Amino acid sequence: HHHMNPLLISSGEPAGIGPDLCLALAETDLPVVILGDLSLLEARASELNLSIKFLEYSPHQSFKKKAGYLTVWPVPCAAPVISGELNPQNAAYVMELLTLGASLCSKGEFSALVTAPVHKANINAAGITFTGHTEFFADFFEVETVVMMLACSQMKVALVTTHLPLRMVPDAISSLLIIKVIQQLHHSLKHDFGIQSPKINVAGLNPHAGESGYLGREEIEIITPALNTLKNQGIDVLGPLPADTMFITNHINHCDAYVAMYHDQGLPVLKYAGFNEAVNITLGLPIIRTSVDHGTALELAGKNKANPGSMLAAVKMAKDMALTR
C-alpha cells in the first residue's frame, strides 16, 4: 500500500465510553480500524445522534481514512449491550478484542494498537483474572519487564509498580525491578522519543524519601542501590526524591521523565495537570500500544458528555510512533 498500515483501536468495555470514543474518530482522517461489535457501534452512534457510514475492514481497501466513515473489524458481543450496564457475559468479548488486537499487531497487519478503556472488575467478576492491559500484553508477548508510562506535554510519569493493592507495594519493589524498569524507560526515551541523553527523576517509596532512614528503610536498602547501579550503567537518574515536591519544576531539576514507585504516587499529579491530553503508553512490547488515560465512565456512555481528548492524543501518539518505527 501507499499509506501506513492502519492503527487498530480496541473499543474496550462495550457498556462504557470506549465505543463512544471510537465513534468520535469517524470525523477525523486518522487511519484507524475499530475492533468491536458492529451492531453495538451502529446502535451507540444512533443513541448519540451521530451520522456515520460504517465499512467492514478489508486488507484490499485503501489505508487512507475519509471523514464520515468508520472502518470496523467486527467482533460479536455475547449479549446485546445496554449503555452503562456492565454485563459479565461480555467480558470474554473484551478479552477477545485484546487478544485479537495483540495478535494482529504482532503479525504486522496493523501498525499499532490503541486501547479504549476496559472495566477490570467486570472482567474479574466473569472469572477472568485480569489486572490491566499492561500485564495482559506483557504475558501475551512473554516479556518479563514492561513499563506503564503516562505522557503529556507537562510531564512523563513511569511506574515501578502498576495495579497492586497498596499493602503489596513495598514487597513488590526490589532493586532489580527498579533497574529493569528504568533500563526500559531509558531505552524507550532515547530510541522512540528521540531524547539523546535522558534525565530521569525518581521518587522515594516513603514520605520525604524515607527521612534519611527514619521513615522507612527502602530508600537505603533498595532504591539508592538500584539508582547507583543505573548511574554506573550511564543512565542519568536523580533520586530518591520526595514525591510531594518532585513534580514542582525549578531552574535546575529539569528531567525528561519522572519515575513513581506506585500508582497513586504518580498518576494523580499527572492527571491533574493533563487528564484530557495524556496518553498511557506501554514500553517494552514488540508492538506499539497506547491508551486513554481514563476509565470506562459508565454513567457517561451514550450521553455525549465524555471528552475525546485523551483518545485523540493516544491515536496521534501511536501514529507518530508507527511513522518513526
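Residue positions are given as counts along the sequence shown, with the first one as 1.
Student: Would you tell me which stretch averages the higher CA B-factor in the PDB entry, 258-266 or 62-70?
Tutor: It is 62-70.
Student: Higher average CA B factor in the deposited record is what I'm after, so tell me if that's 16-24 or 302-310.
Tutor: Result of the comparison: 302-310.
Student: Of the options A203, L166, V157, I252, which has the highest CA B factor as deposited?
Tutor: Across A203, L166, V157, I252, the entry lists the biggest C-alpha B-factor for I252.
Student: With respect to the C-alpha temperature factors reported in the PDB entry, which of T161, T115, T245, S197 ranks highest?
Tutor: Highest C-alpha B-factor among the listed residues goes to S197.
Student: By the record's CA B-factor, is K180 among the lowest, middle or highest third of residues in the chain?
Tutor: Middle third - that is where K180 ends up once the chain's C-alpha B-factors are sorted.
Student: By its CA B factor, does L323 count among the lowest, middle or highest third of the modelled residues in the chain?
Tutor: Highest third of the chain for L323's C-alpha B-factor.
Student: Test of reading the entry: by CA B factor among the chain's modelled residues, which third contains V279?
Tutor: Ranked within chain, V279 CA B lands in the lowest tercile.
Student: Would you mind ranking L38 by its C-alpha B-factor against the rest of the chain and naming the third, lowest, middle or highest?
Tutor: According to the entry, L38 has a C-alpha B-factor in the chain's middle third.
Student: Could you say whether, by C-alpha temperature factor, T129 belongs to the lowest, middle or highest third of its chain?
Tutor: It falls in the top third of the chain.
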